[PDB]
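The structure appears right after this line, and notes come after that.
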Amino acid sequence: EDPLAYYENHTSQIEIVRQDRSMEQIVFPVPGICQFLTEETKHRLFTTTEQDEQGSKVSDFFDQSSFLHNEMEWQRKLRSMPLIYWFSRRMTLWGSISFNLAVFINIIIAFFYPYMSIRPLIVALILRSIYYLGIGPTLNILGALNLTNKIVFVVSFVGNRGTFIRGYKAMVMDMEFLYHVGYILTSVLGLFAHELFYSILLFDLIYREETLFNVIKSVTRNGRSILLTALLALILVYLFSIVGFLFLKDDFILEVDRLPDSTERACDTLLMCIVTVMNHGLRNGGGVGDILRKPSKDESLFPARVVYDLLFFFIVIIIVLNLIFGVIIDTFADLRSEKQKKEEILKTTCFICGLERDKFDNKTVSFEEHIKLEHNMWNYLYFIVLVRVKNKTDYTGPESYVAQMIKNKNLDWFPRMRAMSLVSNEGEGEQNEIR
Amino acid sequence: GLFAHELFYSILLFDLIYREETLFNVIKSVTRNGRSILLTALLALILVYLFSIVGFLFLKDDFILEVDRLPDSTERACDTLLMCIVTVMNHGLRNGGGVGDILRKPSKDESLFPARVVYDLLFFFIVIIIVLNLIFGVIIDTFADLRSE
Ligand SMILES: Nc1ncnc2c1ncn2[C@@H]1O[C@H](COP(=O)(O)OP(=O)(O)OP(=O)(O)O)[C@@H](O)[C@H]1O
Ligand SMILES: [Zn+2]
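Line by line, the protein sequences give chains B and A. If you count by the deposited numbering, then the first sequence holds residues 2111 to 2226, 2260 to 2403, 2449 to 2623, one letter each, in order. If you count by the deposited numbering, then the second sequence holds residues 2333 to 2403, 2449 to 2526, one letter each, in order.
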């Protein structure tokens, strides 16, 4: 309604650096296409963009400009389609419905197999269906609902994300799409082949919960270290088994509960000795000595047995096994430190210029205004889109300069540790004093 | 405690936490990431459910448990999926060696001996050394974060 309000909303400003290392302020109109940028995509980019070797996110932010433009174009195209857009807007609802259905199906299977808010209402309806129709019909209905809801969720996911915008190859390469396809296949298997396949769907908890994902990362980050420690444990077990087979063959007597003698020799062969050690010594707190024949102090090999058991216990149980847990704790610490560093950087430094919030103290302009009005990464994206959408025939000085810098793949036009609102005022003031 | 039953006085011992700040910080070291601990427990439950399904499908006869009947001494603890899940979730988690510490001892001549060995080893590595230790790792991480803050 208000022309001034409309122009203020559709007008943006940025700061650039020219070839002579001089800072200039450019005021431009926001292209209409820029209005179709999703807040989810903006947040994802802001929280995922990484720093380069020089500590700048500008390289990645610029490299994502084409993807952002294509995503905005796809969103504009989709918004003309009401039904598909409406379905795409409810991805969270579809995912929640699918997860609840999977949980209910798994609970029913656990509590009844073998056989033959609105959540309380859903539970009551499920109980009534079980009482009236039966477990089988209830499971069939739940499986059909889960399959339909997952199909709707996949349609919504593709529509909203525009993964096809990068091509079918990119969509296939995407891990999330493959995960959704595998989930659909698992649901189909549960519905038709055997209901027990529904148990696999419980792994969707990891996908849904980020905290559990971080906990799992604490183990998977140093998975190579864990596997190497396990291999070292296996080598030590092999050596101990060799020693036992050479000198303690008769002490490997194991009780057995034969199905319709009660003891057997478990070290007649090297492979059997290795298997017995690797299993029992590792699964017993006291080590291999907890299953070997109990010796007597009068035996000549009693000191040897004591030394063997003690060495196994100290070397394998207290050290080797605890190394995996130590690696897990170290990974926990490293993840926490990295996350804290990243959050501190993101919250106390400027995305474009990288200046800290401590140069802006005691000045007309604060960090908040500097990030909302002067170095807006989104305003830079809008300027990039304008340069790419504007006919070359009506470029201005700075528009042509930025277009040429883009043609040459040069980022030196983004400011870096410099702000027109920070040092330009004092610089002009000292210049006036000098003059 | 004064009127209904004197045993209610035991609840008053929780005032120690209120009185002592150090114990309160120790409890905070666990309660700060309570959601993480609960999610880890749910993951453990899901893994136990999968292992119980596998055992019921292929190792039904090996779930024999001794019982001290009040005035046969063994019973089958995996005749149903729910019973198998309960037995695993209890014994495997409360035994250092895992679920294998309560299953029937096999013989090397049995055709399923390698399968039993693999099952027990997988349960031990996946659930006992990793999943259970994740809660303790979370507690240690919370300790470190609290001290740093
Ligand atoms: N250069 C930057 N440095 C730090 N944070 C930034 C930067 N540019 C943007 N942000 C933050 O990223 C988010 C994007 O701000 P944006 O102007 O898009 O907000 P908005 O409220 O959605 O917009 P508007 O109200 O102007 O229509 C905000 O949190 C903003 O503070
Ligand atoms: Zn800036």
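No residue lacks a Cβ here, since even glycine has one placed at the ideal position from N, Cα and C.
Item: Distance CB(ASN2357(B))-CB(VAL2515(B)) smaller than 7 Å; Value: no
Item: Beta-ladder partner(s) of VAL2495(A), from DSSP; Value: In the DSSP output, where bridge partners are listed per residue, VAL2495(A) has none listed.
Item: Any 3 or more C-beta pairs closer than 8 Å across the region 2531-2546 of chain B and the region 2501-2513 of chain B; Value: no
Item: Distance cut 6 Å, beta-carbon to ligand 4 heavy atom: residue list by chain order; Value: Among the ligands modelled here, namely ligand 1 and ligand 2, ligand 4 does not occur.
Item: Distance cut-off 6 Å: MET2182(B) Cβ against heavy atoms of ligand 1; Value: no
Item: Amino acids of chain B, ordered along the chain, whose beta-carbon sits closer than 7 Å to that of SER2484(A); Value: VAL2399, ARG2401, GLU2452
Item: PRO2139(B) versus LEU2114(B): straight-line alpha-carbon distance, rounded; Value: 13 Å
Item: Whole-number beta carbon distance between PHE2383(B) and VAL2476(B), since they are thought to touch under 8 Å; Value: 7 Å
Item: Contact test: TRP2601(B) Cβ vs ligand 1 heavy atom, cutoff 6 Å; Value: no
Item: Helix, strand or coil at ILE2396(A) according to DSSP, with G and I counted as helix; Value: strand
Item: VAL2380(B) beta carbon less than 7 Å from that of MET2460(B); Value: no
Item: Beta-bridge pairing of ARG2453(B) - partner residues as DSSP gives them; Value: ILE2396(B)
Item: N-terminal and C-terminal residue of the beta strand (DSSP E) that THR2121(B) is part of; Value: 2121-2127
Item: Nearest residue (CA-CA) to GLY2474(A), options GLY2165(B), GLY2469(B), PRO2603(B); Value: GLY2469(B)
Item: Cross-chain neighbours of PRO2224(B) in chain A, by beta carbon under 8 Å; Value: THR2457, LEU2458
Item: Members of the region 2346-2359 of chain B that neighbour chain A once the beta carbon cut-off is set at 9 Å; Value: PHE2346, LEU2348, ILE2349, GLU2352, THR2354, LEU2355, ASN2357, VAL2358, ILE2359
Item: Reference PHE2555(B), options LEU2178(B), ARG2545(B), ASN2216(B), closest by Cα; Value: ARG2545(B)
Item: Straight-line Cα distance separating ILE2517(B) from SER2361(B); Value: 8 Å
Item: Beta-carbon proximity of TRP2204(B) to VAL2295(B), cut-off 7 Å; Value: yes
Item: Interface positions of the region 2506-2518 of chain A facing chain B (Cβ-Cβ less than 8 Å), listed along the chain; Value: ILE2506, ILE2507, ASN2510, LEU2511, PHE2513, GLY2514, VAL2515, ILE2517, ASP2518
Item: Below-7 Å beta-carbon distance, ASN2210(B) vs any chain A residue; Value: no
Item: Residue from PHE2146(B), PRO2192(B), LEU2574(B) with nearest C-alpha to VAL2137(B); Value: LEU2574(B)
Item: In DSSP terms, what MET2133(B) is bridged to; Value: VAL2127(B)
Item: C-beta atoms of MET2316(B) and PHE2307(B) nearer than 7 Å; Value: no
Item: Stretch pair the region 2190-2210 of chain B + the region 2285-2301 of chain B: three plus CB contacts closer than 8 Å; Value: yes
Item: Contacting positions in the region 2370-2390 of chain A - beta carbon closer than 7 Å to chain B; Value: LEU2371, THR2372, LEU2374, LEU2375, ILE2378, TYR2381, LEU2382, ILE2385
Item: Beta-carbon neighbours of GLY2474(A), restricted to chain B and to distances below 7 Å; Value: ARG2471, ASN2472
Item: Beta-carbon spacing of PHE2602(B), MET2565(B) below 7 Å; Value: no
Item: Per-residue DSSP class, three states only, for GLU2487(A); Value: coil
Item: Own chain residues within Cβ distance below 7 Å of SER2609(B), not counting five before or after; Value: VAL2553, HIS2558, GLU2562
Item: Cβ of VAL2465(A) within 7 Å of any chain B Cβ; Value: no
Item: Span separating the alpha-carbon of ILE2369(A) from that of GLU2352(B); Value: 13 Å
Item: Beta-ladder partner(s) of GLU2544(B), from DSSP; Value: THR2537(B)
Item: Neighbourhood of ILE2269(B) by C-beta distance below 8 Å, restricted to the same chain and skipping five residues each side; Value: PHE2214, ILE2218, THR2281, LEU2285
Item: Residue range of the unbroken alpha helix (DSSP H) whose run includes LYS2187(B); Value: 2175-2189
Item: Helix, strand or coil at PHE2138(B) [DSSP, three-state]; Value: strand
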